[PDB]
Amino acid sequence: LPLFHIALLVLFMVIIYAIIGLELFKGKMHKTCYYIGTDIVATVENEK
Amino acid sequence: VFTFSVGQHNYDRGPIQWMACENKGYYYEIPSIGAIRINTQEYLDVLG
Amino acid sequence: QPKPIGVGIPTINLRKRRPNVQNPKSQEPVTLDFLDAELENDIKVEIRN
Amino acid sequence: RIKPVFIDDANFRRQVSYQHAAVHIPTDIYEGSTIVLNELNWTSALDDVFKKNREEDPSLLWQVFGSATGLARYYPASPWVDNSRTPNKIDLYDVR
Amino acid sequence: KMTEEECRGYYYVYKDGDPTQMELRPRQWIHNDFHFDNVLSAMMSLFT
Ligand SMILES: *[C@@H]1O[C@H](CO)[C@@H](O[C@@H]2O[C@H](CO)[C@@H](O[C@@H]3O[C@H](CO)[C@@H](O)[C@H](O)[C@@H]3O)[C@H](O)[C@H]2NC(C)=O)[C@H](O)[C@H]1NC(C)=O
């Protein structure tokens with residue numbers, strides 16, 4: 001029960017940061033380098 | 001009867017080995033793509 | 001002819017082909033029937049048999 | 001290893017050497033194993049019969065021993081069409 | 001290849017799991033970065 005205020009603060013911070021990220025990085029991580037003319041993502045041995 | 005155990009799994013492989021070397025056959029294991037070519041051509045040794 | 005025997009209709013998916021893979025070419029034999037090398041005829045079938 | 005001369009020949013649209021036989025080993029089969037080295041040890045006696053057959057009938061084309069261990073010894077010696085990784089292309093040839 | 005003497009030569013690597021997309025890599029007997037060979041390496045592994 002005493003952790004109620006902390007949980008409220010956590011939810012409040014999470015909501016604020018979610019909205020900030022929504023307005024800052026919306027639809028930005030949608031371009032990656034494919035190969036020439038193909039639908040294959042180009043990476044190296046140990047890179048995601 | 002030639003039996004092939006394909007893939008990586010935790011299932012029992014005893015019965016298929018019994019089927020293999022009960023009906024004058026052979027038992028093979030194919031865990032990956034690299035073993036397919038070698039293990040799909042060895043049955044000609046038993047037939048010879 | 002030295003060309004390999006064709007089967008079906010060739011379909012390719014150029015969007016899933018890396019440029020540095022060396023895909024396998026062919027290993028099949030050139031097996032052309034007598035009736036597929038000339039115009040098939042009823043007498044020709046009898047002669048072939 | 002051996003460095004042949006590889007003269008140009010007729011009836012072979014390639015460069016061939018009649019002094020010995022060439023050996024093809026699949027790329028994913030490591031040469032230098034006990035199994036492979038033993039095969040190369042006793043298959044070296046086929047070159048004399050290869051030469052005898054060629055001299056008896058000069059119109060002979062490739063004559064090859066396809067080993068059950070993956071090796072392929074053929075006469076006359078001639079470079080393979082597809083090197084392992086010298087070009088950007090590789091080969092997938094198992095005599096079996 | 002289960003042994004150091006077997007882990008020699010070259011082998012095929014199939015990227016994206018396609019059997020038709022091949023690449024050649026040399027076979028090398030690798031050793032894990034964190035191991036338990038001696039007490040010092042074991043202590044480093046347990047600290048990690
Ligand atoms: C496979 O490799 C072995 C080893 O290199 C070959 O055996 C070798 O054969 C030669 C020909 O006979 C031997 O030379 C002879 O040695 C005796 C003494 O042992 C000598 O008195 C003769 O005058 C002659 O020089 C050689 O010693 C022998 N090597 C060994 C280690 O025994 C064998 O020929 C190879 N297989 C094939 C099919 O060629």
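Quick note on labels: first sequence line is chain A, next is B, and so on, each numbered from 1. Each ligand, and each atom within it, is numbered from 1 in the order the structure gives.
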Expected rows: ligand 1 N/O, protein N/O, dist below 3.5 Å:
| unit_1 | atom_1 | unit_2 | atom_2 | d |
| --- | --- | --- | --- | --- |
| ligand 1 | 2 (O) | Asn41(D) | OD1 | 3.4 |
| ligand 1 | 2 (O) | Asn41(D) | ND2 | 2.4 |
| ligand 1 | 36 (N) | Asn41(D) | O | 3.0 |
| ligand 1 | 36 (N) | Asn41(D) | ND2 | 2.9 |

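Evaluation of the ring pair (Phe, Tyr, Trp, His ring centres under 6.0 Å) rule for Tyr11(B) yields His9(B) as partners, not counting sequence neighbours. Applying the ring pair (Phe, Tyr, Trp, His ring centres under 6.0 Å) rule to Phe50(D) yields the partners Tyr75(D); only residues at least two apart in sequence or on another chain are considered.
Under the 6.0 Å cut-off for aromatic ring centres, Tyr28(B) and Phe4(B) qualify, their centroids lying closer than that. Proximity of the aromatic rings of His24(D) and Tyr74(D) is defined here by a centroid distance below 6.0 angstrom, and this criterion is not met.
Rounded to the nearest 0.5 angstrom, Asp47(D) CG and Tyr18(D) OH are separated by 14.5 Å.
Listed by chain and number, the hydrophobic cluster partners of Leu14(C) are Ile12(C), where partners are ILVMFWY side chains within reach of under 4.5 Å, directly or through others.
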